[PDB]
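Chains as they are written, first to last, in UniProt numbering: chain A, 9 to 524; chain B, 9 to 546.
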Ligand SMILES: */C=C\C1=C(C)C(=O)N/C1=C\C1=NC(=C\c2[nH]c(/C=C3\NC(=O)C(C=C)=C3C)c(C)c2CCC(=O)O)/C(CCC(=O)O)=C1C
Ligand SMILES: */C=C\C1=C(C)C(=O)N/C1=C\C1=NC(=C\c2[nH]c(/C=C3\NC(=O)C(C=C)=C3C)c(C)c2CCC(=O)O)/C(CCC(=O)O)=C1C
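Rendered as structure tokens:
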């Protein structure tokens with residue numbers, strides 16, 4: 009593929025954390041094909057000995073009494089001599105696997121989750137703004153998890169990320185408003201996190217615990233761990249955290265109708281374990297954030313569409329009065345521009361092209377109109393930097409930074425478009441984007457960024473991104489160009505009664521030659 | 009416009025249900041001025057003698073210990089020698105009001121609450137549709153509350169509503185599929201329910217306990233009960249509930265966006281009392297359901313509008329393929345009809361109107377267009393019925409029952425409209441709506457309906473409602489219509505090349521006016537050829 013950062017498989021690591029013990033059951037005969045190598049403390053027997061025997065005589069006597077509801081719903085609490093343990097059950101890779109982990113110790117915690125979900129679902133939330141919703145979710149995440157530093161991470165088109173908001177406690181650095189390279193998150197990571205919503209790495213210094221046996225005898229590969237929540241992450245990502253200085257990690261993915269909208273991040277300077285109940289409560293909390301944001305964007309787009317219609321109102325009303333379309337646009341050009349938020353407009357109906365406001369030279373516009381012919385689009389065209397697609401205008405980007413074009417007609421040569429100037433924008437990177445990874449002699453792998461200090465770069469010949477409202481405003485301008493062009497048709501309609509008058513002029517000079 | 013069902017107030021009854029006990033406080037030292045008459049058991053002292061004295065000695069010592077957290081949070085579970093109670097505290101009418109209610113005897117209900125929450129939100133919820141979401145909500149509400157019958161009530165424009173889905177229990181009657189008159193819920197009821205979502209009527213035949221004293225001295229009014237959740241409903245609604253035979257009621261309000269879009273009702277045939285945590289858990293269910301309904305509706309409507317644009321596309325392309333607009337519409341008359349789903353399409357660009365599909369004759373549509381010109385509509389005018397508004401075409405309601413129209417020009421007489429035939433449907437009424445109420449002798453109050461048997465009636469000369477996608481499709485029809493108006497600009501240049509041979513004919517008019525003036529030059533030339541003759545004669 010592109011790099012070792014992607015070709016590396018994540019399913020087949022076969023690494024398990026030291027917190028719990030993983031056990032496996034094979035079909036009806038209850039075969040323990042693969043077991044953890046740290047089961048001596050819990051199971052009281054050597055790990056290698058337990059291979060190949062039945063589940064009837066190996067497990068502690070307690071949890072068969074709890075086996076029924078474990079097979080029913082996959083969760084319970086069981087008492088053990090070492091202490092209270094949390095039991096989860098899931099079946100994957102054509103085999104049944106069982107695991108045990110420590111559980112909570114504060115019974116008062118459970119009602120807190122209900123209280124906080126009530127607070128979040130309570131009305132008047134989101135009216136304050138979209139941005140504050142992320143912070144008022146992150147602060148509650150801090151309270152539930154009790155971690156140190158929490159960011160909110162949002163994905164861009166090219167899979168690079170930004171920090172929309174964060175909530176921390178005093179005494180640590182913050183990455184608010186910082187961007188990160190797209191390659192920092194591998195593609196296989198996105199594919200895996202599409203299915204598994206959450207994950208937990210409570211220690212960074214811990215060595216991975218080997219899985220015995222190394223490979224399943226008949227599968228030919230080690231046991232899959234995607235379904236389990238105790239998987240050990242790749243060692244490469246560990247050095248990234250260690251250089252970052254984080255000891256414990258906890259991330260929850262946000263899903264929007266099949267799209268990885270963003271990730272919640274949590275960090276800690278010291279190792280700290282966390283229970284399954286807290287994880288699931290946090291997951292339930294994060295699930296409603298997508299719905300809240302959906303409601304917010306529906307309301308915002310409704311307001312924007314209403315505002316665009318309101319602005320369309322008087323522009324259409326003024327058109328149709330005394331004058332011609334070229335006269336009307338020239339006289340009423342002030343109200344034209346704000347529909348698309350541009351600085352110049354151009355229309356081509358068959359005559360010489362007409363320009364209003366800031367625009368490229370007269371000779372260039374028809375060259376562009378010809379240039380727009382072959383690119384396949386049906387209604388609209390978009391660009392934030394036309395210089396890539398069309399080099400000649402990149403020489404003078406003062407008005408050619410961004411263009412929005414629309415088909416007034418079918419594939420024939422009739423078009424209208426708008427122009428935008430360039431806006432300076434400066435962004436701050438964490439490390440050098442040019443060197444996302446630090447190479448090592450021997451090319452065994454690619455080490456992560458050496459440092460994490462803020463670094464700034466400036467982009468030029470770029471226009472602010474086209475919104476979604478102006479895309480509909482283009483169709484609105486088409487619906488307003490009708491009406492004014494229909495008044496053109498009405499003035500041509502009394503030119504049509506003047507065509508009846510022209511036939512009257514025909515037979516008028518007819519009876520005039522009759523008279524002379 | 010207000011019958012007797014809109015005069016009496018609800019928040020000034022001053023009645024409290026049998027199970028509860030009400031207490032109110034005034035002033036920084038929090039003296040006692042309002043107390044229920046059934047407080048003999050819990051307080052152990054005559055109610056009258058305790059009002060106006062120091063609050064600390066009146067309240068039991070156990071309750072006074074946990075005052076601090078109850079003051080802030082407002083909810084608390086406490087233990088009494090009689091049993092376990094839940095204390096509710098709230099502020100209303102500039103007064104401190106606390107409440108005492110029996111507590112729940114079930115320890116682990118909250119785990120079930122979280123289980124139902126995670127069931128509803130789901131990794132994938134409501135993929136099937138809205139109706140399935142309502143059905144899922146109904147039976148979950150039943151399970152969480154343990155009631156017999158539940159309702160889902162949705163309001164129309166005129167505040168008259170029908171039931172969509174229900175969770176139905178065996179061995180008892182249901183109400184799914186009928187409508188209820190808007191008179192059932194008065195304006196005052198909607199105004200009150202706009203704020204308080206939780207309404208519980210523990211008993212139907214219980215008599216409200218009076219609050220001594222009847223009137224607050226400084227205010228001159230009965231103590232407000234809107235803030236509290238133990239209000240006693242008006243006796244007329246108690247009789248209305250008794251007529252059904254239902255004993256206990258539970259009503260949740262689905263306030264999605266500043267409006268009472270939906271009401272969730274629960275019924276039971278036997279006395280029953282719920283716990284406060286039950287109501288609090290059920291409260292978030294309504295918000296979840298409303299939010300998911302809104303999200304699903306928006307997503308589905310956006311997806312359908314995408315298909316509308318996708319169908320708009322090839323219509324525009326094909327219409328721009330041929331250069332005979334009237335003929336193209338005639339041959340492609342099928343396609344234009346399903347853009348808004350109408351059956352009769354009429355085009356009027358100022359010339360002779362074009363008629364395709366089922367439509368009335370030209371004179372009726374011309375008269376309708378003439379009437380539409382002074383009729384004020386900003387961009388569009390859509391209605392399902394026209395006989396109510398326009399008399400002359402009411403006779404021809406077969407095809408002119410409903411129409412959707414848009415204004416092509418900003419002014420004048422350029423209108424494009426469609427035609428829709430009448431659609432017949434049957435609405436089932438629970439009880440005859442023609443007799444909404446029965447008047448008692450003396451006209452003191454209007455008692456509710458007597459019998460609730462199903463009743464039927466038929467609506468006529470009506471068309472299905474123009475749902476918003478149709479209006480969006482008409483606007484998109486104008487938007488892609490500008491495409492065929494650029495094709496009509498090619499046709500405009502065809503009319504203008506007729507006018508261009510007419511402009512060459514205008515230059516012809518110039519030099520033929522020169523010709524028809526210089527033929528008079530030959531006229532005065534003949535006059536000159538005669539002028540020496542007439543001079544010789546003279
Ligand atoms: C190709 C390997 C590799 C390099 C080099 C690189 O840049 N990424 C990487 C390793 C992996 N990272 C994995 C996990 C992972 N990394 C991030 C990155 C961030 N952490 C932040 O808080 C932050 C900022 C903002 C970013 C962009 C994240 C979010 C993840 C997911 C899990 C958490 O770290 O929480 C990873 C996956 C391994 C596995 O799932 O076992 C790889 C391969
Ligand atoms: C004059 C008002 C009035 C007449 C007459 C009438 O038709 N109803 C009525 C009395 C009131 N009822 C009030 C509350 C109330 N009524 C209903 C009605 C229904 N219950 C159903 O199951 C159902 C169906 C649908 C209908 C039509 C409902 C749902 C409520 C809210 C509380 C519950 O009953 O659950 C009322 C409000 C004042 C008060 O609280 O006393 C009036 C005036």
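Just so it is clear, CB atoms sit at the ideal spot from N, CA and C, and this is done for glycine as well.
Measuring straight from C-alpha to C-alpha, what distance separates residue i and residue j?
i: residue 111 of chain A; j: residue 83 of chain A; result: 11 Å
i: residue 284 of chain B; j: residue 114 of chain A; result: 24 Å
i: residue 416 of chain A; j: residue 381 of chain A; result: 13 Å
i: residue 367 of chain A; j: residue 379 of chain A; result: 16 Å
i: residue 164 of chain A; j: residue 268 of chain B; result: 39 Å
i: residue 45 of chain B; j: residue 252 of chain B; result: 31 Å
i: residue 309 of chain A; j: residue 89 of chain B; result: 58 Å
i: residue 504 of chain A; j: residue 385 of chain B; result: 29 Å
i: residue 132 of chain B; j: residue 152 of chain B; result: 22 Å
i: residue 423 of chain A; j: residue 270 of chain A; result: 38 Å
i: residue 452 of chain A; j: residue 194 of chain A; result: 18 Å
i: residue 444 of chain A; j: residue 244 of chain A; result: 13 Å
i: residue 117 of chain A; j: residue 123 of chain A; result: 10 Å
i: residue 363 of chain B; j: residue 356 of chain A; result: 33 Å
i: residue 136 of chain A; j: residue 304 of chain A; result: 10 Å
i: residue 24 of chain A; j: residue 318 of chain B; result: 51 Å
i: residue 218 of chain B; j: residue 170 of chain B; result: 36 Å
With a cut-off of 8 Å on the beta carbons, I'd call residue i and residue j a contact; round off their distance for me.
i: residue 328 of chain A; j: residue 432 of chain A; result: 41 Å between Cβ atoms; not a contact.
i: residue 469 of chain B; j: residue 430 of chain B; result: 5 Å
i: residue 203 of chain A; j: residue 234 of chain A; result: 7 Å
i: residue 158 of chain B; j: residue 174 of chain B; result: 6 Å
i: residue 306 of chain A; j: residue 484 of chain A; result: About 19 Å; that fails the 8 Å criterion.
Can you tell me where the alpha helix (DSSP H) holding residue i begins and where it ends?
i: residue 152 of chain A; result: 138-153
i: residue 43 of chain B; result: It is not in any alpha helix (DSSP H) - residue 43 of chain B instead sits in the beta strand (DSSP E) that spans 39-44.
i: residue 218 of chain B; result: From DSSP, residue 218 of chain B is part of no alpha helix (DSSP H) but of the beta strand (DSSP E) over 217-220.
i: residue 51 of chain B; result: 48-51
i: residue 195 of chain B; result: 195-201
i: residue 243 of chain B; result: 243-252
i: residue 232 of chain A; result: Looking at the DSSP string, residue 232 of chain A is not in any alpha helix (DSSP H), and its letter there is neither H nor E.
Could you pull the DSSP bridge partners for residue i from this structure?
i: residue 332 of chain A; result: Answer by DSSP bridge pairing: none, since residue 332 of chain A is not bridged.
i: residue 426 of chain B; result: B:353
i: residue 463 of chain A; result: A:437
i: residue 33 of chain A; result: A:104
i: residue 176 of chain A; result: A:157
i: residue 92 of chain B; result: B:87
i: residue 260 of chain A; result: A:206, A:272
i: residue 500 of chain A; result: According to DSSP, which records beta bridges pairwise, residue 500 of chain A is partnered with nothing at all.
i: residue 188 of chain B; result: B:169
i: residue 267 of chain A; result: A:264
i: residue 454 of chain A; result: A:447
i: residue 109 of chain B; result: B:94
i: residue 163 of chain A; result: A:169
i: residue 239 of chain A; result: A:24
i: residue 62 of chain A; result: A:39
i: residue 99 of chain A; result: A:104
Along the chain, where does the beta strand (DSSP E) that runs through residue i open and close?
i: residue 542 of chain A; result: Residue 542 of chain A is absent from the model: chain A starts at 9 and stops at 524.
i: residue 474 of chain A; result: Premise fails: residue 474 of chain A is in no beta strand (DSSP E) and is neither H nor E.
i: residue 21 of chain A; result: No beta strand (DSSP E) holds residue 21 of chain A; DSSP gives it neither H nor E.
(request) Taking only runs that begin and end inside the stretch 358-421 of chain B, name each unbroken beta strand (DSSP E) of 3 or more residues, in chain order. (result) 362-365, 388-391, 411-415
(request) Check each residue of the stretch 280-310 of chain A: if its Cβ is closer than 7 Å to any Cβ of chain D, include it; give the result in chain order. (result) The structure shown has no chain D; the protein chains it does contain are A and B.
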